[PDB]
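Input: a single structure, listed below in structure tokens.
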Ligand SMILES: Nc1ncnc2c1ncn2[C@@H]1O[C@H](COP(=O)(O)OP(=O)(O)OP(=O)(O)O)[C@@H](O)[C@H]1O
Ligand SMILES: Nc1ncnc2c1ncn2[C@@H]1O[C@H](COP(=O)(O)OP(=O)(O)OP(=O)(O)O)[C@@H](O)[C@H]1O
């Protein structure tokens, strides 16, 4: 699940392809910039030592100009040195930000393209809490993928650069890579579960905040505290195992990489010190052996920084799993114009179970339909099948496209934004007038909001600082009623518009509905709205339905 | 405001005390362990450089035996000298985890103690997205606070333990910390706003996930994509200025801290080399001024690591606001026993508006009350005032208690967990039998769930893998009806029981309700449930009521 091998590299290439898509794109200039201002640094660090070993020597004898004037160059190279360092830093962080932007854009365009933000979750249980796998996991993956750059690549143009100056068979990375890896697999395995627990904790908090009024009424403070501490203590308890494992890792990661590296370096550098027969004043080692031990230290630092690789396997496994949002692919629907038909389609829940297995009926744009029954017999699930929310697993089905068809769900929804956008949820604001017909929001909508909605002076046409769906009350489902009269659909399908009002304004909405060519298809548990309806289509929990007039 | 000054230190102390309660706690020993394993680690380098200079001095000659016997000591010390480093590493992040645990526990016990998880937000708008400020902000703050240790403390004692061997007037921190800070102020406010934008982005994603079905029915994929990409681009556009400021800061921060420090060290160390009269073979500089330039490097590194201080100003200035949940302190309430009184109490919304100002009614244990009226006239807001959800605002009222009372909110709520816990939401499971009367879940609760709930075989008494409030349907509000009969309160204040079956189950619930002595206080828009009710108390949108029979 986090093993570093061929499959991991393939699963990393398949996600790197979508980022830096082309040649010399907007962000491919950072793979070159941090490939030129980074090598310039590793030529500027040997120069740091070279001036370092030639400055103190200057101030040894009674020489002032050999240090005063000599030191000046260092002060002259300080601006360039710092500029190179910070240019590398900026290139790195800008590259990670651009990587994140591209990955997020791809994931979103692939994640809201259809009824897939709904299927992930309520329909399919394969990924838990997707609101964190593409908001916090993407950021961490972008941060880590670049940090495997500049580390395992920064001490890479330091072995070759030192090799430029230079029998050295000290390729002990062969035995310190096969070892010191495959011993760090638990880090990759359990970074995934740490992320999972963090996501669950955050989701519990968010759910508590969301329905913070129902919980308040029930006085469930103690129960909610218990059920949150249950998942918090399930997190830190695991972090203790994770944190204590990194200690057991550093012990072997600091006696085979950071310290034993210098031991082998000393062992190899001093092989020809028992040709250079005499090398009278044999301080040449300071310019040919010191560099060798520095190279050995960098070679050890390579594998030492290889730690970030396995900690990235978990992130890659998590995100590459989120790229099973290709369920966009994994009976038939006929695109009719005026008649909604149901040819022996057994409606069913997402799992395997049939509520009503006949559903042999149809409607036309001349007879408002009202359907009733007990609570829990494929009533609100009929629309989910008619709409592309649930599968069909049946015969034929016809509907008037999707533009000339409106749905009001069983539960209210007020989008976040301005009041105007509440009347127009789907289209938006620019489409409201520019792309489509120009509706005078100043005046044309007050008639569309003639449902007794006095909440127009209550905030003005553009009120968002004090707006939400926790403020309207029970009239936020008749605010959805003032959405048909703007969308003017050929067919309107209403799921429990009741609970708005008994008689004061319930009749007004329906009277206006068939004062326009809006054929109605409603569910309601009432006897005071049958006057403006024609057909019956009554169904019960016995698996059979009665279609009458 | 994230300026590093007296107020910041005061605010850091006031929240440091809550994670160091007593002397030698479960984590107060980590301030000792990482204080002796850290000073025992600065004995590694000093021992490393001394030995490091020792070996090759033994290989300048051809003494194989000397080098061998004087290298084995390094092999022997490798285990201890790596164990010390890794023990510092473990004691470091274990301390941050403990800090996080204590801070989270305090914040939660202070945040779920009353109806404050509700007041924060719906009632008060002072903190936005409280679900991220105690889930992600706390973790980052704990990580940062310790990282100001081992950095500004790791090099702190590398200055006193180098002074152990030593005219050192190079105290230029006075001019390099007064400068180079107050020139980094933007980082604090800018990390604060970055955290704000990240929280808003995550909240938008969570809100999209929560009511995904409603969004799917409206076909609002395009609108939701637009409103998400609007706040994502509002974030990365700011991270661009953030990482374009760090480089603009790193430039100045790497020519006054990391390289000019070396220049000043070379300048000061050279003063005597111009009273060491002759010191023939002046190699003593390798141990009498090399340490001096190392000390200057560490002194520069102190101010360089001072960067984490200002980046920690933002987190502290953020969390200190979340510790304004002291609104728990921010008319009259009388604990009567059997009368829900209302003496000239003007019910009002959280803001400064009044809906009805008389409210001079009362009820008794033998008079069920059903109230109605238009939609949007303090109907469901009467309970929010009767219950301690909204301010009393004046007048007087008396209620029996909070234990022998019940509220069914207008919107349904099924807590996450098992099916059994759905019936017992507030009390939980342990209290279901131990702290209170023992109810036989296998048999006793079937009669308590005699409301037509056929979901006895549907998952079993303990089903959580396939449970949620997005699965029940219209029966998740009458599952709250099969939750009043278990609490058996004095009065049952239920709200919008409608959308349950009109006749099949509506009559059964109310007939059973008055069989047991639970006086019903209900709001509904119906005529089929008025038979089992006594008093009108009709409500209107003109601030008046009747209270007839
Ligand atoms: N996600 C789901 N998976 C499986 N079964 C579900 C799911 N959601 C609901 N159900 C069950 O499937 C059937 C759906 O009933 P349904 O929601 O359609 O009608 P209705 O909505 O019951 O009428 P009402 O709105 O009044 O409750 C019921 O058996 C319901 O309990
Ligand atoms: N948080 C809030 N702040 C200010 N006003 C609110 C808030 N919530 C609701 N309101 C408004 O306050 C009044 C309370 O209405 P209320 O919720 O009481 O309607 P209702 O009585 O619940 O009727 P119903 O349940 O059918 O709507 C209404 O004016 C409502 O629009």
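Please read every residue number as a count from 1 along the shown chain.
Quick check of the header: electron microscopy, 3.3 Å.
In case you wondered, yes, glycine gets a Cβ from its N, Cα and C as well.
Copied from Swiss-Prot, the annotated features are:
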MOD_RES   A:6  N6-acetyllysine
TRANSMEM  A:29-49  transmembrane segment
CARBOHYD  A:51  N-linked glycosylation site
TRANSMEM  A:71-91  transmembrane segment
CARBOHYD  A:151  N-linked glycosylation site
MOD_RES   A:196  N6-acetyllysine
TRANSMEM  A:249-269  transmembrane segment
MOD_RES   A:327  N6-acetyllysine
BINDING   A:373, A:374, A:375, A:376, A:377, A:378, A:379, A:380  ATP binding site
MOD_RES   A:433  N6-acetyllysine
Chain B, Cβ under 8 Å: which of the recorded positions A:151, A:327, A:374, A:377, A:378, A:380 qualify:
A:374, A:380
If we skip the immediate neighbours and take only residues 6+ beyond the ends of the transmembrane segment (A:249-269), which ones have a Cβ under 8 Å from one of its Cβ atoms?
168, 170, 172, 176, 179-180, 183-184, 187, 285, 289, 292-293, 295-297, 299-301, 303-304, 307
What is the Cα to Cα distance in Å between residue A:166 and residue A:167, where a stretch of 9 residues has no coordinates?
10
Where does residue A:327 (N6-acetyllysine) sit in DSSP terms: helix, strand, or coil?
helix
Can you tell me which of these recorded positions sit near ligand 1, meaning the Cβ is under 6 Å from at least one of its atoms: A:196, A:373, A:374, A:378?
A:378
Across the 28 residues that the deposited model omits, what is the distance in Å between the Cα of residue A:330 and that of residue A:331?
14
In angstrom units, rounded to an integer, how far apart are the Cα atoms of residue A:196 (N6-acetyllysine) and residue A:373 (ATP binding site)?
42
Given the recorded positions A:196, A:379, A:433, which one is most crowded in terms of C-beta atoms within 10 angstroms?
A:379
Within the same chain, where does the transmembrane segment (A:71-91) have neighbours whose Cβ lies under 8 angstroms from its own Cβ atoms, ignoring anything closer than 6 residues to its ends? I mean 6 or more beyond.
30, 33-34, 37-38, 40-41, 44, 47-48, 51, 55, 58, 150
Spatial neighbours of the transmembrane segment (A:29-49) far in sequence, C-beta under 8 Å, 6+ residues away:
20, 77, 80-81, 84-85, 87-88, 91-92, 94-95, 98, 149-150, 154, 157-158, 161
Going by DSSP, is residue A:6 (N6-acetyllysine) part of a helix, a strand, or coil?
helix
If 8 residues are missing between residue A:274 and residue A:275, how far apart are the two Cα atoms, in Å?
9
Same chain, 6+ residues apart, C-beta under 8 Å of the C-beta of residue A:374 (ATP binding site), given in sequence order:
A:540, A:541
Please name the residue among the recorded positions A:51, A:151, A:375, A:380 whose C-beta has the most neighbouring C-beta atoms within 10 angstroms.
A:375
Counting Cβ neighbours within 10 Å across all chains shown, tell me which of the binding-site residues A:373, A:378 comes out on top.
A:378
Between the Cα atoms of residue A:375 (ATP binding site) and residue A:327 (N6-acetyllysine), find the distance and write it as a whole number of Å.
31
Only counting partners 6 or more residues apart, tell me which same-chain residues put their Cβ under 8 Å from the Cβ of residue A:327 (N6-acetyllysine).
A:116, A:119, A:120, A:124
Which of the three DSSP-derived classes (helix, strand, coil) applies to residue A:51 (N-linked glycosylation site)?
helix
